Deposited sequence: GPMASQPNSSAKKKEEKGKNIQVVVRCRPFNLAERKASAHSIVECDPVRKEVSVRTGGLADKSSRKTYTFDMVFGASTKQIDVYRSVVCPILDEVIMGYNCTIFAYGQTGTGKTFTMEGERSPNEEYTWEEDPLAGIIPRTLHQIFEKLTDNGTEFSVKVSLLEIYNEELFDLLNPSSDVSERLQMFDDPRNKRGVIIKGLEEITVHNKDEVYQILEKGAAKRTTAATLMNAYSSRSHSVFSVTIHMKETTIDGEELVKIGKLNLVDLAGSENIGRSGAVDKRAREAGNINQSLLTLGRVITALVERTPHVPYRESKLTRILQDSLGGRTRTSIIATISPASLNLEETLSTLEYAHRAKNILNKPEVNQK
């Protein structure tokens, strides 16, 4: 199956209003098109889905992620990437935010993004639909070609080949935490958030240059036939950017794949080793390309759109 590629455009922000920018992006969800005025000259792209600035978190989840979670629960591996310019909505999309003033429970918060909703829906979907299951999660960051375990309450992780799968790696020392119930989900996410703000203190431009890999693995057993599904939820460093080796190598890998070049340089960065199987392997993969509507960003926005559109022709073969 081909990589699914969707675009999410966010509303104008006030920094763009202060820069005197005008709108140059038109999202057409019905036609699945994004049009960019390139000076009345225009460039249109077609994607698998297009989400405009009024799209709600829950819309993204139902339209993009629900199909993918169903595949995981069938026992496949899946990956969703968020790709795009700093400030355009990668983290808002993958993680979301809490609404102000303690107004919602985490499970009901309309600003939750893909990660919290996915973990909540795992428990809704598998609970007492006949199923015995366990769920574990891990969260690592990649910064400056170094691995950081956001769930380790203490360091630096070591990468080993997976002798069982050539397109795979094993991260020794990664905290893979069992999530026993919905209430545990929020405690674990809270714990990763605290670990990331202190990650913020000891880093240079850390969040915009770091990659974040959240992984959930579901062990499922029914009578006695077993299923193991994995989902990786990846928030990439900003696309405008050892500090950039992984982002740059991701660009070479995608290029190598789109040109059918026989040498794909997967092993030239930690990110591309981790998601080697997501890029031309046996994992089903979607990319959410995030963009700004503002004229200020024409060059980054065109770069993001070209990058993402080319990705549509990469074929994966799940299982």
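Visitor: Could you list the ranges of the deposited sequence that have no C-alpha atoms in the model?
Guide: Seq positions lacking coordinates: 1-18, 58-62, 178-181, 251-255, 274-288, 367-370.
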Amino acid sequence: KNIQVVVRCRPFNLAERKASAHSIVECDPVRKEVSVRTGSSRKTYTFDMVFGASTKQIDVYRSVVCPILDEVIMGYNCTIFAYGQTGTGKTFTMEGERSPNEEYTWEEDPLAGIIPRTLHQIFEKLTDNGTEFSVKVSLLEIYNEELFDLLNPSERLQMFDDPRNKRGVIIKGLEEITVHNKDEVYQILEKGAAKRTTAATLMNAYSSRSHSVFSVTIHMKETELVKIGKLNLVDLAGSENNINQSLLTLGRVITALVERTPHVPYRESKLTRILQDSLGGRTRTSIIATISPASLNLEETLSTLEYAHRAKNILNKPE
From here on, numbers count along this sequence of modelled residues.
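Each form is matched to the other, and the largest set of C-alpha atoms that superpose within 1.5 Å is called the rigid core.
Visitor: In 7 other deposited structures of this protein, superposed on the rigid core, which stretch sits farther off in Cα RMS terms, 183-191 or 119-127?
Guide: Larger mean C-alpha displacement, comparing 183-191 and 119-127 in 7 other deposited structures of this protein, is found in 183-191.
Visitor: Return whichever of 50-58 or 254-262 has the larger RMS Cα deviation from the displayed form in 7 other deposited structures of this protein, where every structure is aligned on the rigid core.
Guide: It is 254-262 whose C-alphas lie farther from the shown form in 7 other deposited structures of this protein.
Visitor: Looking at the other compared entries that model residues on both sides of it, is residue 86 unmodelled in at least a third of them?
Guide: It is not, since residue 86 is included in all of the other entries that model both flanking stretches.
Visitor: Would you please confirm whether residue 242 lacks atomic coordinates in a third or more of the other entries that were compared?
Guide: yes, residue 242 frequently unmodelled elsewhere, at least a third of entries.
Visitor: Tell me which stretch, 254-262 or 66-74, has the higher mean Cα B-factor listed in the entry.
Guide: According to the PDB entry, the answer is 254-262.
Visitor: Which has higher Cα B-factors on average according to the PDB entry: 266-274 or 44-52?
Guide: Averaging CA B-factors over each stretch, the winner is 266-274.
Visitor: Determine which member of 176, 128, 184, 97 has the highest CA B-factor, using the values in the deposited entry.
Guide: When the deposited C-alpha B-factors of 176, 128, 184, 97 are compared, 128 is largest.
Visitor: Going by the entry, which of 109, 132, 141, 124 has the most elevated CA B factor?
Guide: Max CA B-factor in the entry, restricted to 109, 132, 141, 124: 132.
Visitor: Compare the C-alpha B factor of residue 229 with those of the other modelled residues in its chain, then answer lowest, middle or highest third.
Guide: Its C-alpha B-factor, which the entry lists for residue 229, ranks in the middle third among residues of this chain.
Visitor: Rank-wise, by C-alpha B-factor, drop residue 30 into the lowest, middle or highest third of its chain.
Guide: According to the entry, residue 30 has a C-alpha B-factor in the chain's middle third.
Visitor: Looking at the C-alpha B-factor of residue 149, is it in the lowest, middle or highest third of its chain?
Guide: Residue 149: CA B-factor falls in the middle third of its chain.
Visitor: Taking the C-alpha B-factors as the PDB entry records them, is residue 220 in the lowest, middle or highest third of its chain?
Guide: Tercile = middle for this residue's CA B-factor.
Visitor: Split the chain's modelled residues into thirds by Cα B-factor; is residue 101 in the lowest, middle or highest one?
Guide: Its C-alpha B-factor, which the entry lists for residue 101, ranks in the highest third among residues of this chain.
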